[PDB]
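>>> Experimental structure below, sequence on top.
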Amino acid sequence: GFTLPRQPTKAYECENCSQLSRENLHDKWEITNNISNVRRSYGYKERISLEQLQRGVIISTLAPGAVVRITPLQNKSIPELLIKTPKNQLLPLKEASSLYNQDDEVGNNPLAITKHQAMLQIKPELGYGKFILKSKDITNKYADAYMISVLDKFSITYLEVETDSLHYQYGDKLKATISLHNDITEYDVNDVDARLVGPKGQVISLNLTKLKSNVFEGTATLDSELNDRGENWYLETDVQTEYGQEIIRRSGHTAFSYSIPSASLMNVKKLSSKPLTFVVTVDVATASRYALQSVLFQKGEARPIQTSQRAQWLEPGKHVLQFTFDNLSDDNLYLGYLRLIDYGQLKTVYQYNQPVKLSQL
Ligand SMILES: [Ca+2]
């Protein structure tokens with residue numbers, strides 16, 4: 001017998017669990033022998049209102065040829081838009097795009113600026129800096145709000161974000177690193193905002209600390225009790241600073257997985273050698289369909305021989321799950337991992353990824 005690391009279980013309210021299969025199934029398959037969520041952004045995204053568009057919204061770029069996208073957040077029309085260049089030339093938005101993009105007789109060219117959406121690449125001749133996007137008028141037919149996306153395509157200034165893990169569970173502390181880089185300039189950042197957004201739109205704000213002039217660390221406790229149903233969480237951050245007369249604005253995102261520890265593995269023992277059968281004790285908090293997956297491994301070459309999977313419906317309480325391999329001596333074999341999946345969450349809720357020699361079972 002081998003005792004596995006303890007993991008207190010946590011119950012969750014599941015809406016789709018009743019629809020899951022109640023079939024007790026065992027599968028086996030042959031097999032043979034992402035690490036980081038680091039993400040860089042060369043632009044930013046923001047939500048703006050029609051009231052802000054009327055007054056004018058700052059579009060800040062650091063290099064020529066930035067790409068700008070304006071989409072309504074309601075199923076309504078976009079206003080006729082104007083853009084003020086950094087040299088205070090007021091233009092119809094279309095006149096800030098190339099002659100090619102303004103031409104309706106190219107055919108292959110998309111009608112990139114319409115009443116439904118507006119997308120453009122700023123002509124390199126207009127340079128870079130502070131552009132002002134403004135509405136020509138306001139009516140009760142335009143959308144209330146818009147998503148502005150700015151890709152500063154040819155800027156060497158980027159925002160780098162990452163979390164200390166790809167996967168978390170209920171009660172874990174998440175740590176994020178947020179850094180603003182340019183290999184020529186050293187920035188001093190003070191205006192930073194960051195949060196965690198869940199699949200149902202639930203928000204967990206990050207508590208930030210300044211590590212360096214351009215580096216921030218953020219922490220939060222992940223304590224959502226909701227089922228993510230296979231969907232992921234995102235770290236969202238927004239940074240703004242100034243370097244001389246230039247606005248440095250970057251926003252970034254990175255994904256991470258989250259689960260509720262709805263069930264845990266406790267003890268694993270070898271039941272038989274012919275056929276190679278193992279039994280694992282499981283503590284279940286929420287009635288759902290669970291799958292226990294394991295891999296049999298074999299100077300010396302270590303390689304997987306077969307994967308086994310036991311999937312069944314489990315009510316709250318203690319259970320014994322059985323899994324078998326086809327098959328070599330006990331000394332030349334070991335269990336590569338012990339993973340437990342909750343199909344109600346479509347997440348691994350328990351995993352032991354350390355080798356377990358059969359001589360320990
Ligand atoms: Ca701000």
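On my side now, so go ahead. Numbering: from 1, shown residues only.
>>> Give me the domain ranges for this protein.
1-33+262-360, 34-42+156-261, 43-155 (curated CATH domains).
>>> where do the strands sit along the stretch 201-350 of the chain?
203-205, 207-212, 215-221, 233-243, 246-259, 263-273, 276-284, 288-297, 304-314, 317-325, 334-342, 347-352 (DSSP state E, counting those that start in this stretch).
>>> The second one: which residues count as buried?
Taking 16 or more other C-beta atoms under 10 Å as the basis for neighbour counts, the residues of strand 207-212 that come out buried are residue 208. (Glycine included, C-beta is placed from N, CA and C.)
>>> what angle separates it from strand 233-243?
50 degrees (axes from the mean of the first three to the mean of the last three C-alpha atoms, to 10 degrees).
>>> Which strands or helices does strand 207-212 pack on?
strand 173-181, strand 215-221 (3 or more C-beta pairs under 8 Å, 6 or more residues apart in numbering; DSSP states H and E).
>>> Residues touching the last one, excluding its own?
Outside strand 215-221, the residues that touch it by C-beta atoms under 8 Å, 6 or more residues apart in numbering are 171-180, 189, 192, 194, 196, 204-211, 237.
>>> Show the buried residues in those.
174, 176, 178-180, 189, 192, 194, 196, 204, 206, 208, 237.
>>> okay, the residues you listed in JSON lines with distance to residue 35 next?
Formatted as JSON lines, the buried ones among the contacts of strand 215-221 follow (distance: C-beta to C-beta, whole Å):
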{"residue": "174", "distance to residue 35": "17"}
{"residue": "176", "distance to residue 35": "17"}
{"residue": "178", "distance to residue 35": "20"}
{"residue": "179", "distance to residue 35": "19"}
{"residue": "180", "distance to residue 35": "24"}
{"residue": "189", "distance to residue 35": "27"}
{"residue": "192", "distance to residue 35": "26"}
{"residue": "194", "distance to residue 35": "22"}
{"residue": "196", "distance to residue 35": "21"}
{"residue": "204", "distance to residue 35": "24"}
{"residue": "206", "distance to residue 35": "23"}
{"residue": "208", "distance to residue 35": "25"}
{"residue": "237", "distance to residue 35": "21"}
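>>> Please tell me how far the residue nearest to residue 202 when sequence neighbours are not counted sits from residue 171.
Nearest residue to residue 202, sequence neighbours excluded (C-beta to C-beta, 6 or more residues apart in numbering): residue 224, at 5.7 Å. The span separating residue 224 from residue 171 equals 11 Å under the rule C-beta to C-beta, to the nearest Å.
>>> And residue 41, by the same measure?
In terms of C-beta to C-beta, residue 41 sits 30 Å off from residue 171.
>>> do the same with residue 142
Distance from residue 142 to residue 171, counting by C-beta to C-beta: 45 Å.
>>> Which neighbouring elements make contact with the longest helix seen in the chain?
In the chain, with assignment by DSSP state H, the single longest helix is helix 50-55. Judged by 3+ C-beta pairs under 8 Å, 6+ apart, the packing partners of helix 50-55 are strand 130-135, strand 145-151.
>>> closest to residue 361 out of these?
Ranking those by their distance to residue 361 (criterion: C-beta to C-beta) puts strand 145-151 first, at 54.4 Å.
>>> Show me which positions of the closest one end up buried.
145, 146, 148, 149, 150, 151.
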